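In what follows, a structure is listed as structure tokens, so that the remarks can point back to it.
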Amino acid sequence: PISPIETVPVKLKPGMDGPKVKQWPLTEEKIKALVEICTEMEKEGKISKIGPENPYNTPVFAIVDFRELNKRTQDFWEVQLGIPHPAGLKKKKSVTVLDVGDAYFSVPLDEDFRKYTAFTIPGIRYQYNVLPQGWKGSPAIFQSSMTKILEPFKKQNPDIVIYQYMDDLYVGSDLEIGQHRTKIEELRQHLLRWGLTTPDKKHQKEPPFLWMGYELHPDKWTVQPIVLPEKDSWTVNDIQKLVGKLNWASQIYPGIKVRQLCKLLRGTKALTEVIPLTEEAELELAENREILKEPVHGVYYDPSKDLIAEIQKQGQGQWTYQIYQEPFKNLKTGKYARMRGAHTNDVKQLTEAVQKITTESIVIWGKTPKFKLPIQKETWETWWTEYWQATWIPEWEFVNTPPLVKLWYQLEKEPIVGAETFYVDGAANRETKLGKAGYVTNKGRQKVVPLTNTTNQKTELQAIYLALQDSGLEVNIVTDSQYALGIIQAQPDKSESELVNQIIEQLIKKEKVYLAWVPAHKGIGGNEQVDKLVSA
Amino acid sequence: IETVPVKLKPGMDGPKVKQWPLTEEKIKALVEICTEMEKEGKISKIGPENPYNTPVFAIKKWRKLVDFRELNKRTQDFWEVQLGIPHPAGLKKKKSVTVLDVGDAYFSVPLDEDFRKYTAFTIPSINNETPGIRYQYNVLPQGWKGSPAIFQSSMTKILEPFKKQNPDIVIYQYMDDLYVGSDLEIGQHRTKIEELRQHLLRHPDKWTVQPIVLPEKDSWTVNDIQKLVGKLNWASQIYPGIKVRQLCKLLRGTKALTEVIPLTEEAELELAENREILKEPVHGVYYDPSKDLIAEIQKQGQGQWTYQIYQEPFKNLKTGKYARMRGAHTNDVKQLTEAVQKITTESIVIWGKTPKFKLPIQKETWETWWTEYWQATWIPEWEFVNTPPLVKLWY
Ligand SMILES: [Mg+2]
């Protein structure tokens with residue numbers, strides 16, 4: 001049933017010409033099979049025999065390697081921000097999921113591009129007439145076709161809601177199971193007048209409809225845990241499709257990216273060849289599994305009840321949040337591990353988590369949720385005022401949860417009277433990567449320290465550290481370095497930098513600190529002194 | 001009419017920008033705005049096979065706003081058909097400039113067919129429950145660089161009468177705007193605008209720079225001097241004559257920061273002498289028409305902000321301070337935005353170009369709210385950054 005829809009005009013990437021690849025001769029058996037097969041696609045109209053003139057060719061195997069053709073195909077414009085989240089679905093009275101079958105083979109390929117789709121049978125020579133299976137266009141062209149076709153039936157049935165996602169048509173409508181049945185009939189026939197045949201093996205009873213792998217019960221959508229095999233013959237394409245499953249779940253299941261397995265795909269070869277990988281490969285699947293094991297689910301959406309996001313600092317650099325509408329009936333829960341900076345703050349990370357969640361909703365629900373955050377209104381207010389950059393949170397609202405967020409410490413706006421003033425400085429020879437770090441003081445103390453394999457930044461920090469250690473609860477300290485000044489000025493909660501962490505531990509312990517800065521090399525008092533002490 | 005052929009800059013392809021998520025509201029808004037333009041035939045639905053895309057959004061003074069910044073960077077410069085011919089220079093000086101939205105004119109002139117693909121834009125769908133609606137302009141689009149220059153002549157013929165009719169009212173066209181400046185009294189100004197307005201229907205002189213000044217002290221502690229010293233050090237990069245030395249001399253020791261210190265004639269001479277030069281023009285300032293303008297904004301906490309426009313570092317073409325006292329309307333984002341918008345209009349009226357901004361904010365943040373406050377027909381280029389101690393260095 002090849003659809004009568006107009007064809008989307010496809011081009012090759014400018015500067016390129018269609019593929020030309022040799023077919024590795026297959027086994028007598030394989031060949032006799034591919035023919036057997038090709039002959040009926042030829043019968044169904046899906047493909048067709050062609051003369052040995054057509055320069056181009058792409059490999060068939062018997063278990064089409066479209067890699068090349070795709071590498072030279074006009075990259076299209078995928079028209080979707082992402083896959084739809086089940087929580088985004090509103091609750092409907094009547095719902096059916098028509099799996100449009102064979103949908104690719106039904107939708108015809110542009111004539112003037114068909115040339116490129118030729119393939120031979122070790123030979124017999126064919127060329128497609130319809131969206132090929134592996135071809136790059138297929139999905140994007142199929143979606144465009146599917147929509148042009150639904151449009152008509154849609155202007156006609158505003159009550160009905162059709163969501164497409166590949167070969168699956170979620171048709172929902174708040175209707176009498178009777179009248180719905182009828183609409184589904186009608187619809188089912190429209191498709192037919194367009195060659196789109198919808199098999200009888202559909203959804204006809206079961207409340208757990210599987211639209212996109214989301215079991216759609218009337219009040220609870222769920223996702224059956226994704227099984228992820230590990231066969232003997234771990235074939236290339238298998239490795240690719242494997243990626244798919246993972247990647248698909250990923251928009252629910254938190255982090256799974258088999259990125260290092262993906263590296264195995266960064267050195268492609270025959271699609272039929274088997275090719276494993278080290279601990280990278282082996283271990284990646286496992287960590288993925290762990291996550292894939294525990295199922296997920298949530299309620300549907302109400303376009304009349306508020307969205308509420310609630311985040312909680314469930315640990316160092318990992319946060320959690322849930323977006324719900326009804327106390328124990330949440331849509332999406334989520335974890336958010338991140339630390340955007342080498343030195344961040346909980347206040348700072350909270351904000352990041354907020355903004356993630358904000359858009360994430362705007363994508364799914366279409367509006368920004370209202371928050372319940374582990375941070376006191378005055379703690380925020382002080383922090384933004386004490387920060388050089390501009391910031392902002394939306395529907396902020398305090399919720400006294402157990403782990404709370406606070407600015408662990410703060411520096412003094414003005415120098416402490418009666419605090420031993422530490423003049424600090426460090427240095428290191430670029431060549432040797434060795435340096436000293438020390439100080440001098442208004443009293444008389446004067447430390448200096450030998451150092452191995454560091455940078456001048458590291459010394460300038462070591463030096464602040466020392467003066468912090470060798471001092472009391474209140475201390476004025478002074479650097480010839482904006483680097484260290486900056487890190488500290490930013491009130492870093494934690495860091496990748498141990499020394500910075502060290503420097504922080506002290507900072508939370510002291511009682512009053514005032515870090516100041518002076519122009520290096522000017523005869524600024526005390527400075528010229530520590531300057532000489534660290535020089536060799 | 002026969003379309004003016006325009007083409008992308010050498011060896012650059014059209015734009016291919018992803019669309020930002022839109023609120024179930026701005027979307028709806030757009031959706032109707034487009035369905036009409038479609039009916040009027042100014043746009044037209046296109047397919048997935050047009051690999052290009054520019055983002056759109058709903059500003060609201062609803063208005064469709066296409067973020068053409070890319071297609072503009074990729075558009076051939078205009079210089080044959082001299083885009084907005086010489087910059088007035090008069091504008092800078094007039095008693096009153098007023099800006100008009102000549103933009104809707106553009107929707108008449110037909111756009112070169114072999115160029116339409118490059119304006120493709122896509123209206124997003126909630127939860128991605130629907131393929132986006134994609135379109136392609138069929139007329140000079142609103143924010144395109146190509147538009148105005150192409151329509152340059154039509155406009156010129158249109159104003160010529162009224163211009164020769166009032167030989168001294170400067171009219172500068174920039175993008176979709178018309179900066180009509182005059183020195184007439186406010187009332188007698190407005191008439192001229194209205195006269196100019198029928199035709200189409202067919203206060204810089206107060207701007208002021210920032211004089212850097214050192215504090216007024218007596219309670220000079222050690223760091224009070226250390227402070228001064230540090231600044232005057234950096235200030236030299238701007239005024240090579242300023243020099244701290246007699247000041248550093250006061251500091252010589254290992255004095256506790258709190259120690260008070262006697263400002264001797266050594267320094268008394270230097271401060272006063274320096275105070276002079278901080279108000280004397282850096283003769284090196286030059287606005288070079290071939291260099292970009294850069295704007296830097298610092299946050300000053302009191303709902304105040306500081307900015308400097310410069311082409312080459314330390315050669316400030318202008319410096320300033322916006323203080324948007326928002327007792328309740330304190331959305332830094334909203335402020336910073338308003339800052340941004342007020343600084344680019346100043347530059348359009350002066351250098352005749354929108355500076356490229358270095359925003360003191362996180363991309364993410366700036367990216368999630370900016371549109372909520374943006375009110376302009378245009379959108380300057382911007383780069384996110386982290387301001388160092390300049391806050392102090394000039395406030
Ligand atoms: Mg140093």
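Note on naming: chains are A, B, ... as they come in the structure tokens, residues start from 1 per chain, ligands start from 1 in the order shown.
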When the cut-off is 6 Å and we count only C-alpha atoms, which residues of chain B are near chain A, given as an NGL selection string?
-> :B and (21 or 23-24 or 48-49 or 51 or 126-129 or 131-132 or 230 or 248 or 251-256 or 258 or 332 or 360-361)
Given a cut-off of 9 Å, what residues near ligand 1 show up using only C-alpha atoms and all ligand atoms, put as a PyMOL selection string?
-> chain A and resi 424-427+456-457+459-460+479-481+520-521+531
Which is closer to residue B:349 than all the others in B:187, B:146, B:5, B:204, using only C-alpha atoms?
-> B:204
Can you tell me, as an mmCIF file with N, CA, C and O atoms, in the first residue's frame, which residues in stretch 204-391 of chain B count as alpha helix (DSSP H) by DSSP?
data_model
loop_
_atom_site.group_PDB
_atom_site.id
_atom_site.type_symbol
_atom_site.label_atom_id
_atom_site.label_comp_id
_atom_site.auth_asym_id
_atom_site.auth_seq_id
_atom_site.Cartn_x
_atom_site.Cartn_y
_atom_site.Cartn_z
ATOM 1 N N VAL B 222 46.375 52.389 56.600
ATOM 2 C CA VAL B 222 47.383 51.833 55.742
ATOM 3 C C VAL B 222 46.662 51.329 54.526
ATOM 4 O O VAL B 222 46.943 51.801 53.417
ATOM 5 N N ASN B 223 45.680 50.439 54.692
ATOM 6 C CA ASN B 223 45.042 49.952 53.480
ATOM 7 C C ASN B 223 44.262 51.035 52.768
ATOM 8 O O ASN B 223 44.118 50.954 51.555
ATOM 9 N N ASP B 224 43.825 52.086 53.465
ATOM 10 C CA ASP B 224 43.112 53.143 52.740
ATOM 11 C C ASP B 224 44.055 53.631 51.673
ATOM 12 O O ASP B 224 43.639 53.884 50.547
ATOM 13 N N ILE B 225 45.337 53.657 52.008
ATOM 14 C CA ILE B 225 46.343 54.070 51.067
ATOM 15 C C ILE B 225 46.637 52.932 50.129
ATOM 16 O O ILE B 225 46.811 53.146 48.942
ATOM 17 N N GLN B 226 46.689 51.716 50.649
ATOM 18 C CA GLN B 226 46.954 50.574 49.788
ATOM 19 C C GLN B 226 45.930 50.542 48.659
ATOM 20 O O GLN B 226 46.273 50.342 47.495
ATOM 21 N N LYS B 227 44.680 50.787 49.023
ATOM 22 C CA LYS B 227 43.563 50.850 48.100
ATOM 23 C C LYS B 227 43.950 51.822 46.981
ATOM 24 O O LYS B 227 44.253 51.426 45.846
ATOM 25 N N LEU B 228 43.978 53.100 47.338
ATOM 26 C CA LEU B 228 44.324 54.186 46.435
ATOM 27 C C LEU B 228 45.487 53.805 45.523
ATOM 28 O O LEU B 228 45.402 53.925 44.307
ATOM 29 N N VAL B 229 46.552 53.307 46.118
ATOM 30 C CA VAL B 229 47.717 52.894 45.370
ATOM 31 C C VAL B 229 47.363 51.898 44.280
ATOM 32 O O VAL B 229 47.706 52.106 43.125
ATOM 33 N N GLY B 230 46.649 50.841 44.642
ATOM 34 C CA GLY B 230 46.268 49.819 43.676
ATOM 35 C C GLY B 230 45.522 50.358 42.473
ATOM 36 O O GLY B 230 45.883 50.043 41.318
ATOM 37 N N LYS B 231 44.504 51.182 42.750
ATOM 38 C CA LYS B 231 43.684 51.799 41.714
ATOM 39 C C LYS B 231 44.529 52.691 40.805
ATOM 40 O O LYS B 231 44.658 52.422 39.599
ATOM 41 N N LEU B 232 45.200 53.673 41.399
ATOM 42 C CA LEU B 232 46.028 54.596 40.628
ATOM 43 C C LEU B 232 47.059 53.830 39.797
ATOM 44 O O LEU B 232 47.514 54.310 38.759
ATOM 45 N N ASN B 233 47.398 52.623 40.238
ATOM 46 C CA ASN B 233 48.326 51.809 39.483
ATOM 47 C C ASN B 233 47.604 51.471 38.214
ATOM 48 O O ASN B 233 48.014 51.875 37.139
ATOM 49 N N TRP B 234 46.466 50.799 38.337
ATOM 50 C CA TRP B 234 45.697 50.406 37.154
ATOM 51 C C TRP B 234 45.250 51.570 36.306
ATOM 52 O O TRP B 234 45.206 51.469 35.082
ATOM 53 N N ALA B 235 44.932 52.674 36.959
ATOM 54 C CA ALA B 235 44.491 53.849 36.264
ATOM 55 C C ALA B 235 45.564 54.351 35.314
ATOM 56 O O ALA B 235 45.245 54.981 34.312
ATOM 57 N N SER B 236 46.823 54.031 35.575
ATOM 58 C CA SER B 236 47.896 54.498 34.697
ATOM 59 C C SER B 236 47.760 53.896 33.303
ATOM 60 O O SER B 236 48.124 54.533 32.306
ATOM 61 N N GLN B 246 55.030 58.312 45.771
ATOM 62 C CA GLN B 246 55.088 59.041 47.024
ATOM 63 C C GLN B 246 54.071 58.413 47.970
ATOM 64 O O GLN B 246 54.218 58.464 49.191
ATOM 65 N N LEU B 247 53.036 57.813 47.390
ATOM 66 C CA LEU B 247 52.011 57.121 48.160
ATOM 67 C C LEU B 247 52.595 55.824 48.716
ATOM 68 O O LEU B 247 52.532 55.579 49.922
ATOM 69 N N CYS B 248 53.183 55.005 47.844
ATOM 70 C CA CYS B 248 53.797 53.762 48.290
ATOM 71 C C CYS B 248 54.777 54.044 49.428
ATOM 72 O O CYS B 248 54.914 53.243 50.356
ATOM 73 N N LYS B 249 55.418 55.206 49.375
ATOM 74 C CA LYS B 249 56.394 55.596 50.386
ATOM 75 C C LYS B 249 55.749 55.713 51.765
ATOM 76 O O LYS B 249 56.356 55.348 52.765
ATOM 77 N N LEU B 250 54.511 56.187 51.817
ATOM 78 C CA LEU B 250 53.804 56.292 53.079
ATOM 79 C C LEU B 250 53.671 54.895 53.671
ATOM 80 O O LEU B 250 53.833 54.699 54.870
ATOM 81 N N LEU B 251 53.389 53.931 52.802
ATOM 82 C CA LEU B 251 53.180 52.535 53.178
ATOM 83 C C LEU B 251 54.393 51.734 53.599
ATOM 84 O O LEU B 251 54.247 50.666 54.193
ATOM 85 N N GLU B 265 53.216 65.954 52.245
ATOM 86 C CA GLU B 265 53.204 66.704 50.981
ATOM 87 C C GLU B 265 53.619 65.787 49.825
ATOM 88 O O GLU B 265 53.216 66.047 48.682
ATOM 89 N N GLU B 266 54.442 64.796 50.117
ATOM 90 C CA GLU B 266 54.838 63.848 49.065
ATOM 91 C C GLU B 266 53.603 63.395 48.278
ATOM 92 O O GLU B 266 53.490 63.622 47.103
ATOM 93 N N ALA B 267 52.672 62.886 49.069
ATOM 94 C CA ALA B 267 51.400 62.368 48.543
ATOM 95 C C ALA B 267 50.435 63.527 48.274
ATOM 96 O O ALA B 267 49.754 63.511 47.246
ATOM 97 N N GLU B 268 50.365 64.489 49.169
ATOM 98 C CA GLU B 268 49.445 65.602 49.023
ATOM 99 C C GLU B 268 49.614 66.171 47.616
ATOM 100 O O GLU B 268 48.641 66.533 46.959
ATOM 101 N N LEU B 269 50.858 66.202 47.151
ATOM 102 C CA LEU B 269 51.188 66.675 45.813
ATOM 103 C C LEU B 269 50.617 65.712 44.786
ATOM 104 O O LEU B 269 49.871 66.104 43.891
ATOM 105 N N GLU B 270 50.986 64.444 44.927
ATOM 106 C CA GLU B 270 50.558 63.408 44.004
ATOM 107 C C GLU B 270 49.063 63.198 43.868
ATOM 108 O O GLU B 270 48.574 63.092 42.749
ATOM 109 N N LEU B 271 48.328 63.122 44.972
ATOM 110 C CA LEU B 271 46.886 62.947 44.865
ATOM 111 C C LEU B 271 46.272 64.068 44.061
ATOM 112 O O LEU B 271 45.730 63.830 42.992
ATOM 113 N N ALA B 272 46.429 65.294 44.548
ATOM 114 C CA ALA B 272 45.875 66.466 43.880
ATOM 115 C C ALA B 272 46.290 66.549 42.412
ATOM 116 O O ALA B 272 45.467 66.832 41.540
ATOM 117 N N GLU B 273 47.562 66.283 42.142
ATOM 118 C CA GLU B 273 48.054 66.324 40.779
ATOM 119 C C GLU B 273 47.353 65.235 39.967
ATOM 120 O O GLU B 273 46.844 65.499 38.878
ATOM 121 N N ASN B 274 47.258 64.031 40.525
ATOM 122 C CA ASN B 274 46.587 62.934 39.831
ATOM 123 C C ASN B 274 45.116 63.237 39.625
ATOM 124 O O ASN B 274 44.600 63.067 38.523
ATOM 125 N N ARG B 275 44.462 63.771 40.649
ATOM 126 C CA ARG B 275 43.041 64.091 40.562
ATOM 127 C C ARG B 275 42.788 64.907 39.308
ATOM 128 O O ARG B 275 41.759 64.742 38.653
ATOM 129 N N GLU B 276 43.746 65.760 38.953
ATOM 130 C CA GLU B 276 43.606 66.569 37.750
ATOM 131 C C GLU B 276 43.476 65.672 36.538
ATOM 132 O O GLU B 276 42.433 65.628 35.885
ATOM 133 N N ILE B 277 44.538 64.930 36.266
ATOM 134 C CA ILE B 277 44.566 64.073 35.104
ATOM 135 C C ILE B 277 43.464 63.037 34.964
ATOM 136 O O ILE B 277 43.187 62.600 33.854
ATOM 137 N N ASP B 332 17.518 41.128 38.774
ATOM 138 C CA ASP B 332 18.847 41.469 38.217
ATOM 139 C C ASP B 332 18.785 41.264 36.725
ATOM 140 O O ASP B 332 19.152 42.139 35.965
ATOM 141 N N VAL B 333 18.372 40.058 36.330
ATOM 142 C CA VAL B 333 18.201 39.700 34.932
ATOM 143 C C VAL B 333 17.448 40.857 34.241
ATOM 144 O O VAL B 333 18.040 41.535 33.391
ATOM 145 N N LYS B 334 16.245 41.195 34.716
ATOM 146 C CA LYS B 334 15.488 42.323 34.148
ATOM 147 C C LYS B 334 16.335 43.596 34.089
ATOM 148 O O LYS B 334 16.308 44.298 33.102
ATOM 149 N N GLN B 335 17.093 43.884 35.140
ATOM 150 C CA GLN B 335 17.948 45.071 35.185
ATOM 151 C C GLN B 335 19.053 45.014 34.151
ATOM 152 O O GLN B 335 19.183 45.885 33.278
ATOM 153 N N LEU B 336 19.886 43.996 34.287
ATOM 154 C CA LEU B 336 21.002 43.799 33.391
ATOM 155 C C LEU B 336 20.482 43.974 31.970
ATOM 156 O O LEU B 336 21.087 44.692 31.171
ATOM 157 N N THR B 337 19.309 43.394 31.707
ATOM 158 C CA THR B 337 18.671 43.501 30.403
ATOM 159 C C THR B 337 18.394 44.929 30.024
ATOM 160 O O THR B 337 18.747 45.400 28.950
ATOM 161 N N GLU B 338 17.721 45.616 30.906
ATOM 162 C CA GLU B 338 17.419 46.995 30.652
ATOM 163 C C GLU B 338 18.724 47.728 30.444
ATOM 164 O O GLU B 338 18.819 48.597 29.586
ATOM 165 N N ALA B 339 19.773 47.287 31.119
ATOM 166 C CA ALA B 339 21.066 47.950 30.973
ATOM 167 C C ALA B 339 21.508 47.816 29.535
ATOM 168 O O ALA B 339 21.800 48.812 28.837
ATOM 169 N N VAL B 340 21.502 46.549 29.124
ATOM 170 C CA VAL B 340 21.881 46.142 27.810
ATOM 171 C C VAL B 340 21.128 46.915 26.796
ATOM 172 O O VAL B 340 21.733 47.489 25.915
ATOM 173 N N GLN B 341 19.817 46.986 26.933
ATOM 174 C CA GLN B 341 19.049 47.735 25.943
ATOM 175 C C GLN B 341 19.368 49.222 25.960
ATOM 176 O O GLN B 341 19.481 49.827 24.885
ATOM 177 N N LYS B 342 19.610 49.804 27.143
ATOM 178 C CA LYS B 342 19.872 51.222 27.124
ATOM 179 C C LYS B 342 21.252 51.557 26.601
ATOM 180 O O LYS B 342 21.457 52.600 25.993
ATOM 181 N N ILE B 343 22.194 50.651 26.774
ATOM 182 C CA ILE B 343 23.516 50.925 26.253
ATOM 183 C C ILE B 343 23.527 50.797 24.723
ATOM 184 O O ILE B 343 24.176 51.608 24.064
ATOM 185 N N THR B 344 22.824 49.819 24.139
ATOM 186 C CA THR B 344 22.935 49.733 22.690
ATOM 187 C C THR B 344 22.241 50.906 22.033
ATOM 188 O O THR B 344 22.698 51.385 20.990
ATOM 189 N N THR B 345 21.149 51.401 22.596
ATOM 190 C CA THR B 345 20.574 52.555 21.913
ATOM 191 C C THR B 345 21.538 53.742 21.937
ATOM 192 O O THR B 345 21.662 54.444 20.936
ATOM 193 N N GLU B 346 22.270 53.926 23.033
ATOM 194 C CA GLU B 346 23.209 55.036 23.083
ATOM 195 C C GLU B 346 24.206 54.908 21.953
ATOM 196 O O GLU B 346 24.463 55.867 21.227
ATOM 197 N N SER B 347 24.764 53.722 21.790
ATOM 198 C CA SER B 347 25.733 53.544 20.740
ATOM 199 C C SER B 347 25.180 53.698 19.321
ATOM 200 O O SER B 347 25.851 54.288 18.455
ATOM 201 N N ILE B 348 23.954 53.228 19.085
ATOM 202 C CA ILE B 348 23.316 53.396 17.773
ATOM 203 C C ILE B 348 23.309 54.918 17.494
ATOM 204 O O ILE B 348 23.873 55.361 16.499
ATOM 205 N N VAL B 349 22.765 55.710 18.416
ATOM 206 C CA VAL B 349 22.748 57.171 18.286
ATOM 207 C C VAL B 349 24.158 57.803 18.151
ATOM 208 O O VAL B 349 24.300 58.859 17.560
ATOM 209 N N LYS B 363 25.504 31.990 31.457
ATOM 210 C CA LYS B 363 24.753 31.773 30.224
ATOM 211 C C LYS B 363 23.369 31.206 30.510
ATOM 212 O O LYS B 363 22.351 31.784 30.148
ATOM 213 N N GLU B 364 23.378 30.128 31.276
ATOM 214 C CA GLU B 364 22.186 29.396 31.651
ATOM 215 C C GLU B 364 21.083 30.334 32.161
ATOM 216 O O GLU B 364 19.936 30.327 31.681
ATOM 217 N N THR B 365 21.480 31.179 33.105
ATOM 218 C CA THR B 365 20.566 32.088 33.731
ATOM 219 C C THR B 365 20.095 33.081 32.719
ATOM 220 O O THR B 365 18.876 33.245 32.505
ATOM 221 N N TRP B 366 21.072 33.709 32.056
ATOM 222 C CA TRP B 366 20.744 34.749 31.087
ATOM 223 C C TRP B 366 19.893 34.145 30.035
ATOM 224 O O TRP B 366 18.964 34.781 29.521
ATOM 225 N N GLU B 367 20.144 32.870 29.802
ATOM 226 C CA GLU B 367 19.388 32.211 28.797
ATOM 227 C C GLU B 367 17.978 31.838 29.160
ATOM 228 O O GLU B 367 17.124 31.806 28.284
ATOM 229 N N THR B 368 17.679 31.685 30.440
ATOM 230 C CA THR B 368 16.317 31.321 30.781
ATOM 231 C C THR B 368 15.324 32.438 31.038
ATOM 232 O O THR B 368 14.130 32.154 31.061
ATOM 233 N N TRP B 369 15.772 33.694 31.176
ATOM 234 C CA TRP B 369 14.827 34.781 31.505
ATOM 235 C C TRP B 369 14.870 36.037 30.616
ATOM 236 O O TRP B 369 13.888 36.787 30.544
ATOM 237 N N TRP B 370 16.014 36.268 29.955
ATOM 238 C CA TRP B 370 16.244 37.456 29.097
ATOM 239 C C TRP B 370 15.011 37.912 28.315
ATOM 240 O O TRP B 370 14.615 39.069 28.414
ATOM 241 N N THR B 371 14.384 36.978 27.606
ATOM 242 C CA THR B 371 13.215 37.259 26.792
ATOM 243 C C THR B 371 12.080 37.848 27.577
ATOM 244 O O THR B 371 11.350 38.687 27.071
ATOM 245 N N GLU B 372 11.957 37.455 28.832
ATOM 246 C CA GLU B 372 10.878 37.986 29.638
ATOM 247 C C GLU B 372 10.891 39.497 29.739
ATOM 248 O O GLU B 372 9.839 40.116 29.853
ATOM 249 N N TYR B 373 12.055 40.115 29.607
ATOM 250 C CA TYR B 373 12.100 41.568 29.769
ATOM 251 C C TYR B 373 12.467 42.329 28.507
ATOM 252 O O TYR B 373 12.338 43.556 28.438
ATOM 253 N N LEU B 390 36.965 45.157 39.071
ATOM 254 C CA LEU B 390 36.640 46.432 38.418
ATOM 255 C C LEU B 390 35.516 47.140 39.181
ATOM 256 O O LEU B 390 35.487 48.362 39.193
ATOM 257 N N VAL B 391 34.650 46.338 39.813
ATOM 258 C CA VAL B 391 33.545 46.876 40.620
ATOM 259 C C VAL B 391 34.052 48.022 41.502
ATOM 260 O O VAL B 391 33.523 49.115 41.489
#
What is the atom CA of residue A:256 to atom CA of residue A:242 distance in Å?
->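 Spanning atom CA of residue A:256 to atom CA of residue A:242 is a straight-line distance of 11.5 Å.
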